Amino acid sequence: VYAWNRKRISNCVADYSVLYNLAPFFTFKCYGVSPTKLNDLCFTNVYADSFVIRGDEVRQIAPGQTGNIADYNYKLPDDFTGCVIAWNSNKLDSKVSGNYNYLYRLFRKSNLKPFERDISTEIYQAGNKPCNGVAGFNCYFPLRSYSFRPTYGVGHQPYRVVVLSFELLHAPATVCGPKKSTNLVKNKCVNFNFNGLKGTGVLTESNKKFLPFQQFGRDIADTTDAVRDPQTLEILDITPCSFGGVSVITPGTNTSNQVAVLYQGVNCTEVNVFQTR
Amino acid sequence: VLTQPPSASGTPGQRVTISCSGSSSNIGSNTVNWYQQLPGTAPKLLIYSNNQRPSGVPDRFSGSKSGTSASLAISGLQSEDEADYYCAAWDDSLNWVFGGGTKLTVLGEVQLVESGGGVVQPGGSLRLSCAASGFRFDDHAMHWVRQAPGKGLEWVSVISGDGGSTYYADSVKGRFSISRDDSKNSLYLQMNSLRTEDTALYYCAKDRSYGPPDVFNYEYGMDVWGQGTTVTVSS
Amino acid sequence: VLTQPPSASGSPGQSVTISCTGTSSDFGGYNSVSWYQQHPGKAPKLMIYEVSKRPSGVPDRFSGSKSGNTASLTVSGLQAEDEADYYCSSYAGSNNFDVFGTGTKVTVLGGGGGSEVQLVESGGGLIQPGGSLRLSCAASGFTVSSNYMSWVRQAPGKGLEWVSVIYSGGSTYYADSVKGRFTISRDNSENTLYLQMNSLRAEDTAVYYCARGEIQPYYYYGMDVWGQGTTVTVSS
Amino acid sequence: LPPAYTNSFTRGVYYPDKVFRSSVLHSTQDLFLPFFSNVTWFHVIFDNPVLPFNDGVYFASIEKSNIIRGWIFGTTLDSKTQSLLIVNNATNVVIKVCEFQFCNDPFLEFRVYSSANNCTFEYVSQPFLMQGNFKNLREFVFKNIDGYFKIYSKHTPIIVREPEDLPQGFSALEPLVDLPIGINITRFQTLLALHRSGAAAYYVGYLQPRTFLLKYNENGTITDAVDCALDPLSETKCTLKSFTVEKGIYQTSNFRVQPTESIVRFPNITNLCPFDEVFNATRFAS
């Protein structure tokens with residue numbers, strides 16, 4: 001709690017749905033947004049801050065609250081848009097040999113600034129005396145270790161709590177989330193959304209030699225003709241859907257009522273039957 | 001509020017799909033809990049946290065949390081699966097909203113017993129007691145989920161294993177006092193301002209978490225139920 | 001609510017070995033059970049804080065091992081003339097007051113802190129029911145603005161209970177008895193630290209005790225110094 | 001040093017976007033290097049000046065093996081603001097936007113800086129970005145936009161052993177890195193691999209907002225480019241989508257002589273106010 005990591009993670013496909021099956025978590029509360037809509041929001045960088053507290057101290061981790069740990073080791077203002085994901089770790093962090101490794105900084109002068117890490121080890125000086133280093137009646141160790149033991153009950157066990165602080169500064173967002181895909185359909189007028197490029201057409205196979213850096217592709221006068229497959233390298237062709245003018249041939253409403261229908265721009269295989277120019 | 005089919009149907013051999021629709025304030029921020037109750041006997045936990053299942057529940061049940069609604073799946077149902085299915089979720093407004101029940105009918109070891117019912121004079125009431133036998137009452141929470149005869153279930157109050165903060169429902173707030181003691185496994189619930197609309201069973205529900213189900217939004221559940229008494233004030 | 005024996009007088013100083021049952025757990029986290037010797041008149045004095053390592057005092061009271069689910073403080077062989085009340089502290093859960101126990105009469109016979117830092121109070125003689133009375137414990141020694149202090153009151157017959165807890169600079173937690181009607185306000189950071197009554201509800205008649213250290217999360221603090229209390233004597 | 005200047009020929013026409021085009025003429029409007037311009041002739045035979053980065057520069061390098069390596073792009077080159085220290089180490093490229101100010105001097109072992117602050121990006125690019133009388137020319141077009149620090153590059157193995165000067169021939173640049181880090185950059189600092197234990201000379205141009213008509217090959221590459229404001233012939237070749245102008249007279253854009261001075265003449269000042277007599281008296285009022 002006095003020395004917590006501040007890993008600045010970015011440039012990844014943060015799939016929050018996977019976190020629901022990695023480890024048997026016991027807390028998945030998120031204050032900012034919903035996890036269903038979180039997978040569709042881009043972010044710049046996530047601040048991963050992890051620490052270990054007891055079971056009765058998990059409630060103190062809130063956007064604004066007082067306590068022995070909420071204002072002395074880690075404080076969250078009223079703007080935390082992440083989560084408070086946490087889980088019990090009483091399976092490998094509790095042995096009967098003396099757990100004098102952790103601490104919680106029982107002694108302090110005042111409330112620390114939220115989202116701040118104070119890595120200090122000086123002797124706590126309770127005023128009215130210059131303590132150049134002494135331990136008696138005026139200046140004591142401001143750190144005190146826990147008493148985690150395996151033969152205990154829930155509530156005073158080591159609980160690993162990790163928060164994911166989100167921020168959106170004046171910089172383009174890097175991490176957005178997981179993106180899915182669908183099966184490719186060839187020789188059929190369907191819709192396509194290849195990397196934002198939306199439209200409809202018949203995805204066919206072409207023989208164009210695209211450049212290794214080019215992704216999209218246009219025509220002589222402002223019309224997309226072929227793009228690059230977002231998957232493995234494949235050269236396709238985007239031709240518009242089936243369209244044409246319909247003309248009806250009628251010999252006149254004086255002898256009969258039989259008419260002929262002519263579809264323009266079709267090879268009789270895309271709608272007796274005759275194929276003309 | 002949770003939307004659930006009142007009385008669905010189904011045929012043997014194939015599978016059905018029971019759904020539970022809810023807003024993002026209760027389901028979108030927490031986990032749905034599925035409970036199964038046979039007609040006549042005490043209820044029992046079926047699916048908790050929508051991902052894991054108890055040791056007694058076989059692999060014949062499965063649930064998902066796709067979106068803001070829960071979906072139940074029973075691959076290969078039979079006559080033994082003819083029971084009532086209730087959906088439960090903890091809302092962010094310090095309350096526990098329950099479902100209505102799904103009549104999925106197809107026509108082809110620690111005891112948690114409690115007592116303290118009986119008909120009493122309207123206006124006033126008596127205390128509600130409960131007991132157990134060596135189940136580590138300090139490291140477990142207790143819930144009050146009463147069930148009216150023929151009607152559904154609803155959450156009344158909650159007590160944490162630590163014994164500190166407690167929460168009540170929207171109708172039983174103020175006139176109810178729940179607390180524990182340093183004695184053996186027990187639970188005392190005092191009722192006040194009796195309005196005669198309390199004909200239920202008041203199940204002494206056992207849980208597995210330690211704190212109140214407001215900070216632990218992924219481990220909160222409900223263990224095996226207990227045989228409750230039938231209190232009928234009837235004014 | 002804890003479990004303590006009403007009285008203990010048989011076999012004086014040979015098989016007394018008083019304790020405090022009613023825990024049914026492993027004392028929560030940090031196993032620190034303190035024992036206070038509440039003597040009539042002056043303020044009580046600390047006897048032992050942990051299960052061992054007794055502080056500077058009488059050496060005939062030690063071996064406070066936690067037998068089963070209670071701390072059995074070995075008091076046999078101490079003396080044969082004492083008139084006081086022993087109280088134990090437990091239930092160290094987060095935000096849980098009333099850590100003291102009931103009055104245990106440990107009189108083996110029945111019939112037969114002063115200049116350390118400071119000891120001052122307000123002297124609330126004939127307190128009018130209501131209003132706002134301030135009680136201070138100005139200490140010219142230890143800092144009255146950096147150490148963790150608390151307020152514990154006791155009434156005739158009834159035992160002690162946690163009434164107020166105040167941390168270094170940013171915590172003003174109140175007990176469950178007042179439930180909000182009590183507002184703690186710190187005085188100047190270099191003069192003293194006083195309290196506030198805030199329209200008492202006729203239950204604040206008990207005498208107050210301003211301790212320089214915590215009760216349940218008690219730390220060594222060099223020495224445990226208390227202060228004599230004053231009678232409220234409400235006229236509601 | 002008295003930095004000389006050379007005549008920059010047709011070189012530095014990069015691809016504005018990634019769009020396949022075959023045998024067409026696309027008239028683009030973006031930041032490009034004006035043809036027949038002046039580019040400084042800083043020789044690295046010691047030299048390390050500070051160059052102003054207004055909207056984009058055209059960096060070149062005619063190093064032999066490892067003479068010119070690294071870039072010290074930044075705004076103030078101080079510890080308060082961030083900077084850029086993209087260097088070319090052993091078969092790798094380290095790209096960090098950390099705010100490492102300096103240690104003693106931009107020279108290079110990581111002897112360029114010695115400090116420790118908070119960083120924002122650690123995109124370590126694994127693929128590196130970099131015959132007797134066969135030198136190697138490496139040009140780099142640095143262009144910064146509101147949310148992307150785009151960097152172009154192209155390696156051309158020149159053959160002619162003439163005195164050090166820009167060769168004759170069109171050569172586009174291919175984008176390789178698209179760092180989306182957003183930071184204002186206004187100063188350019190260069191450095192060379194000292195390694196003490198006419199070599200080379202880098203050319204640094206300046207981009208300007210102009211119009212260029214691009215000719216794409218049947219394969220999908222640009223064969224040449226023609227400016228639009230360089231001579232009376234270029235405007236005719238830009239107003240018509242054809243590099244082969246027929247014989248005749250063509251009407252180009254219109255010209256307008258902009259004014260220089262501006263006079264504001266008002267009527268004469270008269271009919272003054274009696275305030276001069278009001279504020280000057282003996283008995284005013286009660």
# chains A, B, ... in the order shown; residues from 1 in each chain; ligands from 1
call {"tool": "interface_residues", "arguments": {"of": "chain D", "to": "chain A", "cutoff": "12 Å", "atoms": "only C-alpha atoms", "output": "MDAnalysis selection string"}}
result
chainID D and resid 15:27 118:123 145:149 152 173:184 215:222 241
call {"tool": "interface_residues", "arguments": {"of": "chain B", "to": "chain C", "cutoff": "7 Å", "atoms": "only C-alpha atoms", "output": "VMD selection string"}}
result
chain B and resid 162 164 182 to 183
call {"tool": "write_last_selection", "arguments": {"atoms": "N, CA and C atoms", "output": "CSV table (one decimal), in the first residue's frame"}}
result
chain,number,residue,atom,x,y,z
B,162,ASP,N,-19.2,-9.3,9.7
B,162,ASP,CA,-18.5,-8.5,10.7
B,162,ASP,C,-19.4,-8.0,11.7
B,164,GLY,N,-21.4,-5.0,11.4
B,164,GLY,CA,-21.4,-3.6,11.4
B,164,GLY,C,-22.6,-3.0,10.7
B,182,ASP,N,-23.0,-12.5,20.8
B,182,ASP,CA,-21.8,-13.2,21.0
B,182,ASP,C,-22.0,-14.7,21.4
B,183,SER,N,-23.3,-15.1,21.4
B,183,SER,CA,-23.6,-16.5,21.8
B,183,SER,C,-23.4,-17.4,20.6
call {"tool": "interface_residues", "arguments": {"of": "chain A", "to": "chain C", "cutoff": "7 Å", "atoms": "only C-alpha atoms", "output": "count of residues only"}}
result
15
call {"tool": "closest_atom_pairs", "arguments": {"of": "chain B", "to": "chain A", "cutoff": "6 Å", "atoms": "only C-alpha atoms", "output": "CSV"}}
result
residue,atom,partner,partner_atom,distance
B:139,CA,A:154,CA,5.8
B:215,CA,A:59,CA,5.7
B:216,CA,A:27,CA,4.8
B:217,CA,A:27,CA,5.1
B:218,CA,A:27,CA,4.7
B:219,CA,A:26,CA,4.6
call {"tool": "write_last_selection", "arguments": {"atoms": "N, CA, C and O atoms", "output": "short mmCIF file (atom, residue, chain, number, x, y, z; two decimals), in the first residue's frame"}}
result
data_model
loop_
_atom_site.label_atom_id
_atom_site.label_comp_id
_atom_site.auth_asym_id
_atom_site.auth_seq_id
_atom_site.Cartn_x
_atom_site.Cartn_y
_atom_site.Cartn_z
N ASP B 139 -17.87 -15.89 9.89
CA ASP B 139 -17.31 -15.74 8.55
C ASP B 139 -18.36 -15.91 7.45
O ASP B 139 -18.00 -16.21 6.31
N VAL B 215 -20.03 -4.06 -1.53
CA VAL B 215 -18.63 -3.88 -1.91
C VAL B 215 -18.17 -5.10 -2.69
O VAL B 215 -17.32 -5.00 -3.59
N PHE B 216 -18.73 -6.26 -2.37
CA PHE B 216 -18.41 -7.52 -3.05
C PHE B 216 -19.51 -7.78 -4.07
O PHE B 216 -20.51 -8.44 -3.78
N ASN B 217 -19.33 -7.27 -5.29
CA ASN B 217 -20.32 -7.39 -6.35
C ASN B 217 -20.03 -8.54 -7.30
O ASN B 217 -20.59 -8.59 -8.39
N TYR B 218 -19.16 -9.48 -6.91
CA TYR B 218 -18.87 -10.65 -7.72
C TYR B 218 -18.85 -11.95 -6.93
O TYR B 218 -18.88 -13.02 -7.54
N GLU B 219 -18.79 -11.89 -5.60
CA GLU B 219 -18.79 -13.08 -4.76
C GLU B 219 -20.10 -13.29 -4.01
O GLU B 219 -20.33 -14.39 -3.49
#
call {"tool": "residues_around", "arguments": {"residues": "residue B:6", "least_positions_apart": "3", "cutoff": "7 Å", "atoms": "only C-alpha atoms", "output": "PyMOL selection string"}}
result
chain B and resi 100-103
call {"tool": "select_by_dssp", "arguments": {"residues": "stretch 82-204 of chain C", "states": "strand (DSSP E or B)", "output": "ChimeraX atom specification"}}
result
/C:85-88,105,136,149-154,161-166,174,194
call {"tool": "residues_around", "arguments": {"residues": "residue C:196", "least_positions_apart": "4", "cutoff": "10 Å", "atoms": "only C-alpha atoms", "output": "number ranges by chain"}}
result
C: 131-136, 182-186, 200
call {"tool": "write_last_selection", "arguments": {"atoms": "N, CA, C and O atoms", "output": "PDB file, in the first residue's frame"}}
result
ATOM      1  N   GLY C 131     -27.492  22.934  25.139  1.00  0.00           N
ATOM      2  CA  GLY C 131     -26.413  23.885  24.967  1.00  0.00           C
ATOM      3  C   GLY C 131     -25.218  23.275  24.252  1.00  0.00           C
ATOM      4  O   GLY C 131     -25.344  22.359  23.433  1.00  0.00           O
ATOM      5  N   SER C 132     -24.034  23.798  24.571  1.00  0.00           N
ATOM      6  CA  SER C 132     -22.794  23.326  23.957  1.00  0.00           C
ATOM      7  C   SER C 132     -21.655  23.604  24.935  1.00  0.00           C
ATOM      8  O   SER C 132     -21.240  24.755  25.095  1.00  0.00           O
ATOM      9  N   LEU C 133     -21.162  22.552  25.581  1.00  0.00           N
ATOM     10  CA  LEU C 133     -20.053  22.647  26.519  1.00  0.00           C
ATOM     11  C   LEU C 133     -18.811  22.020  25.900  1.00  0.00           C
ATOM     12  O   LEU C 133     -18.890  20.967  25.259  1.00  0.00           O
ATOM     13  N   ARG C 134     -17.667  22.670  26.095  1.00  0.00           N
ATOM     14  CA  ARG C 134     -16.406  22.246  25.505  1.00  0.00           C
ATOM     15  C   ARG C 134     -15.476  21.740  26.599  1.00  0.00           C
ATOM     16  O   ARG C 134     -15.300  22.406  27.626  1.00  0.00           O
ATOM     17  N   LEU C 135     -14.883  20.569  26.378  1.00  0.00           N
ATOM     18  CA  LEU C 135     -13.946  19.962  27.312  1.00  0.00           C
ATOM     19  C   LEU C 135     -12.609  19.761  26.614  1.00  0.00           C
ATOM     20  O   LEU C 135     -12.554  19.163  25.534  1.00  0.00           O
ATOM     21  N   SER C 136     -11.539  20.252  27.231  1.00  0.00           N
ATOM     22  CA  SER C 136     -10.206  20.203  26.650  1.00  0.00           C
ATOM     23  C   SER C 136      -9.258  19.425  27.554  1.00  0.00           C
ATOM     24  O   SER C 136      -9.483  19.287  28.760  1.00  0.00           O
ATOM     25  N   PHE C 182     -23.121  14.248  17.730  1.00  0.00           N
ATOM     26  CA  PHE C 182     -21.862  14.693  18.311  1.00  0.00           C
ATOM     27  C   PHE C 182     -20.933  15.149  17.194  1.00  0.00           C
ATOM     28  O   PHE C 182     -20.704  14.409  16.232  1.00  0.00           O
ATOM     29  N   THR C 183     -20.405  16.365  17.322  1.00  0.00           N
ATOM     30  CA  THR C 183     -19.523  16.956  16.320  1.00  0.00           C
ATOM     31  C   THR C 183     -18.191  17.289  16.980  1.00  0.00           C
ATOM     32  O   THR C 183     -18.126  18.159  17.855  1.00  0.00           O
ATOM     33  N   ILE C 184     -17.134  16.600  16.559  1.00  0.00           N
ATOM     34  CA  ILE C 184     -15.797  16.846  17.088  1.00  0.00           C
ATOM     35  C   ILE C 184     -15.157  17.983  16.306  1.00  0.00           C
ATOM     36  O   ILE C 184     -15.188  17.999  15.070  1.00  0.00           O
ATOM     37  N   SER C 185     -14.571  18.940  17.025  1.00  0.00           N
ATOM     38  CA  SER C 185     -13.912  20.086  16.409  1.00  0.00           C
ATOM     39  C   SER C 185     -12.571  20.299  17.089  1.00  0.00           C
ATOM     40  O   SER C 185     -12.518  20.511  18.304  1.00  0.00           O
ATOM     41  N   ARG C 186     -11.494  20.243  16.310  1.00  0.00           N
ATOM     42  CA  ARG C 186     -10.154  20.410  16.853  1.00  0.00           C
ATOM     43  C   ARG C 186      -9.842  21.884  17.071  1.00  0.00           C
ATOM     44  O   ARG C 186     -10.184  22.738  16.248  1.00  0.00           O
ATOM     45  N   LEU C 200     -26.804  17.627  23.965  1.00  0.00           N
ATOM     46  CA  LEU C 200     -26.880  16.285  24.535  1.00  0.00           C
ATOM     47  C   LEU C 200     -28.323  15.810  24.678  1.00  0.00           C
ATOM     48  O   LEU C 200     -29.249  16.624  24.764  1.00  0.00           O
TER      49      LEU C 200
END
call {"tool": "closest_residue", "arguments": {"among": "D:92, D:189, D:171, D:208", "to": "residue D:105", "atoms": "only C-alpha atoms"}}
result
D:189
call {"tool": "atom_distance", "arguments": {"atom1": "atom CA of residue B:120", "atom2": "atom CA of residue B:196"}}
result
10.0 Å
call {"tool": "select_by_dssp", "arguments": {"residues": "stretch 8-158 of chain A", "states": "alpha helix (DSSP H)", "output": "JSON, numbers by chain"}}
result
{"A": [35, 36, 37, 38]}
call {"tool": "residues_around", "arguments": {"residues": "stretch 74-80 of chain C", "least_positions_apart": "3", "cutoff": "7 Å", "atoms": "only C-alpha atoms", "output": "mmCIF file with N, CA, C and O atoms, in the first residue's frame"}}
result
data_model
loop_
_atom_site.group_PDB
_atom_site.id
_atom_site.type_symbol
_atom_site.label_atom_id
_atom_site.label_comp_id
_atom_site.auth_asym_id
_atom_site.auth_seq_id
_atom_site.Cartn_x
_atom_site.Cartn_y
_atom_site.Cartn_z
ATOM 1 N N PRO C 12 -8.736 -15.923 46.648
ATOM 2 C CA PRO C 12 -8.051 -14.679 46.262
ATOM 3 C C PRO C 12 -6.591 -14.932 45.910
ATOM 4 O O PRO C 12 -5.826 -15.463 46.718
ATOM 5 N N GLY C 13 -6.211 -14.547 44.694
ATOM 6 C CA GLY C 13 -4.825 -14.615 44.277
ATOM 7 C C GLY C 13 -4.267 -16.006 44.084
ATOM 8 O O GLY C 13 -3.045 -16.166 44.028
ATOM 9 N N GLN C 14 -5.119 -17.019 43.980
ATOM 10 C CA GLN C 14 -4.657 -18.386 43.772
ATOM 11 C C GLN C 14 -5.229 -19.029 42.518
ATOM 12 O O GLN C 14 -4.498 -19.713 41.797
ATOM 13 N N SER C 15 -6.520 -18.829 42.236
ATOM 14 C CA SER C 15 -7.135 -19.390 41.039
ATOM 15 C C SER C 15 -8.124 -18.416 40.408
ATOM 16 O O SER C 15 -9.130 -18.838 39.826
ATOM 17 N N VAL C 16 -7.859 -17.113 40.516
ATOM 18 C CA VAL C 16 -8.778 -16.117 39.969
ATOM 19 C C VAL C 16 -8.793 -16.191 38.446
ATOM 20 O O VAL C 16 -9.828 -16.486 37.836
ATOM 21 N N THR C 17 -7.641 -15.936 37.822
ATOM 22 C CA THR C 17 -7.405 -16.043 36.375
ATOM 23 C C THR C 17 -8.620 -15.603 35.552
ATOM 24 O O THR C 17 -9.172 -16.348 34.742
ATOM 25 N N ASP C 60 4.165 -8.832 38.909
ATOM 26 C CA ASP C 60 3.477 -10.027 39.381
ATOM 27 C C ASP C 60 2.186 -10.300 38.615
ATOM 28 O O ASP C 60 1.351 -11.082 39.081
ATOM 29 N N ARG C 61 2.005 -9.672 37.454
ATOM 30 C CA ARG C 61 0.828 -9.900 36.614
ATOM 31 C C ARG C 61 1.308 -10.013 35.170
ATOM 32 O O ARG C 61 1.544 -8.999 34.508
ATOM 33 N N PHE C 62 1.451 -11.242 34.690
ATOM 34 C CA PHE C 62 1.917 -11.494 33.333
ATOM 35 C C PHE C 62 1.284 -12.794 32.847
ATOM 36 O O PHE C 62 0.322 -13.288 33.444
ATOM 37 N N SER C 63 1.824 -13.345 31.759
ATOM 38 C CA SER C 63 1.361 -14.604 31.176
ATOM 39 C C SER C 63 -0.115 -14.517 30.778
ATOM 40 O O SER C 63 -0.958 -15.303 31.216
ATOM 41 N N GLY C 64 -0.412 -13.535 29.931
ATOM 42 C CA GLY C 64 -1.756 -13.358 29.421
ATOM 43 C C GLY C 64 -1.985 -14.082 28.111
ATOM 44 O O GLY C 64 -2.324 -13.460 27.099
ATOM 45 N N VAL C 108 -10.040 -9.000 45.467
ATOM 46 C CA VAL C 108 -9.601 -10.209 46.156
ATOM 47 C C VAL C 108 -9.895 -10.122 47.648
ATOM 48 O O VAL C 108 -10.062 -11.150 48.316
ATOM 49 N N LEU C 109 -9.966 -8.910 48.197
ATOM 50 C CA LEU C 109 -10.247 -8.700 49.611
ATOM 51 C C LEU C 109 -11.533 -7.919 49.839
ATOM 52 O O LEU C 109 -12.342 -8.295 50.693
#
call {"tool": "residues_around", "arguments": {"residues": "residue C:165", "least_positions_apart": "5", "cutoff": "8 Å", "atoms": "only C-alpha atoms", "output": "PyMOL selection string"}}
result
chain C and resi 149-151+172-175+214
call {"tool": "write_last_selection", "arguments": {"atoms": "N, CA, C and O atoms", "output": "CSV table (one decimal), in the first residue's frame"}}
result
chain,number,residue,atom,x,y,z
C,149,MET,N,-5.7,10.2,19.4
C,149,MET,CA,-6.4,10.2,20.7
C,149,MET,C,-7.8,9.8,20.5
C,149,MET,O,-8.3,9.6,19.4
C,150,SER,N,-8.5,9.6,21.6
C,150,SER,CA,-9.9,9.1,21.6
C,150,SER,C,-10.6,9.6,22.9
C,150,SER,O,-9.9,10.2,23.8
C,151,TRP,N,-11.9,9.4,23.0
C,151,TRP,CA,-12.7,9.8,24.1
C,151,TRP,C,-13.6,8.6,24.5
C,151,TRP,O,-14.3,8.1,23.7
C,172,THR,N,-12.9,12.0,11.3
C,172,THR,CA,-13.7,12.5,12.4
C,172,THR,C,-14.9,11.5,12.7
C,172,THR,O,-16.0,11.8,12.8
C,173,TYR,N,-14.5,10.2,12.8
C,173,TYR,CA,-15.5,9.2,13.0
C,173,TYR,C,-16.2,9.3,14.3
C,173,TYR,O,-15.5,9.6,15.3
C,174,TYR,N,-17.5,9.1,14.4
C,174,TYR,CA,-18.2,9.2,15.6
C,174,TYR,C,-18.8,7.8,16.0
C,174,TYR,O,-18.9,6.9,15.1
C,175,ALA,N,-19.1,7.6,17.3
C,175,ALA,CA,-19.6,6.3,17.7
C,175,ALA,C,-21.1,6.1,17.3
C,175,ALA,O,-21.7,7.0,16.8
C,214,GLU,N,-5.1,5.4,21.5
C,214,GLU,CA,-6.3,4.6,21.1
C,214,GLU,C,-6.5,3.4,22.2
C,214,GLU,O,-5.6,3.1,23.0
call {"tool": "residues_around", "arguments": {"residues": "residue B:23", "least_positions_apart": "6", "cutoff": "12 Å", "atoms": "only C-alpha atoms", "output": "list in words"}}
result
residues 34 of chain A; 1, 2, 3, 29, 30, 32, 67, 68, 69, 70, 89, 90, 91, 92 and 97 of chain B
call {"tool": "write_last_selection", "arguments": {"atoms": "N, CA and C atoms", "output": "compact mmCIF listing (two decimals), in the first residue's frame"}}
result
# COMPACT_ATOMS: atom_id res chain seq x y z
N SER A 34 -20.34 1.14 -17.62
CA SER A 34 -20.74 -0.26 -17.63
C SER A 34 -19.74 -1.09 -18.43
N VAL B 1 -36.33 -3.47 -10.28
CA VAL B 1 -37.34 -4.16 -11.07
C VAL B 1 -36.68 -5.08 -12.09
N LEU B 2 -37.16 -6.32 -12.16
CA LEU B 2 -36.63 -7.32 -13.07
C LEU B 2 -37.78 -7.93 -13.86
N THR B 3 -37.62 -7.99 -15.18
CA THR B 3 -38.63 -8.57 -16.06
C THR B 3 -38.32 -10.04 -16.30
N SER B 29 -24.28 -3.48 -13.58
CA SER B 29 -23.19 -3.20 -12.65
C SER B 29 -22.95 -4.31 -11.64
N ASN B 30 -23.72 -5.40 -11.71
CA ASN B 30 -23.57 -6.50 -10.76
C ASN B 30 -23.74 -7.81 -11.53
N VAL B 32 -26.08 -11.45 -11.94
CA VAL B 32 -27.39 -12.04 -11.71
C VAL B 32 -27.23 -13.38 -11.02
N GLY B 67 -24.89 -8.71 -22.45
CA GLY B 67 -25.58 -7.44 -22.38
C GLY B 67 -26.07 -7.12 -20.98
N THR B 68 -27.22 -6.46 -20.91
CA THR B 68 -27.83 -6.08 -19.65
C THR B 68 -28.91 -7.05 -19.19
N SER B 69 -28.96 -8.25 -19.77
CA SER B 69 -29.95 -9.26 -19.40
C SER B 69 -29.27 -10.61 -19.23
N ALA B 70 -29.88 -11.45 -18.40
CA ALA B 70 -29.38 -12.79 -18.14
C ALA B 70 -30.19 -13.82 -18.91
N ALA B 89 -30.71 -9.74 -8.17
CA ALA B 89 -29.58 -8.87 -8.45
C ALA B 89 -29.57 -7.74 -7.43
N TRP B 90 -28.37 -7.30 -7.05
CA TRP B 90 -28.21 -6.22 -6.09
C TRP B 90 -28.09 -4.89 -6.84
N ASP B 91 -29.05 -4.00 -6.61
CA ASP B 91 -29.03 -2.70 -7.25
C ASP B 91 -28.08 -1.75 -6.51
N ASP B 92 -27.57 -0.76 -7.25
CA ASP B 92 -26.63 0.20 -6.69
C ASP B 92 -27.27 1.17 -5.70
N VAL B 97 -33.31 -6.56 -5.40
CA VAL B 97 -34.54 -6.78 -6.16
C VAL B 97 -34.57 -8.23 -6.63
call {"tool": "atom_distance", "arguments": {"atom1": "atom CA of residue B:160", "atom2": "atom CA of residue A:146"}}
result
23.1 Å
call {"tool": "atom_distance", "arguments": {"atom1": "atom CA of residue A:105", "atom2": "atom CA of residue A:131"}}
result
18.5 Å
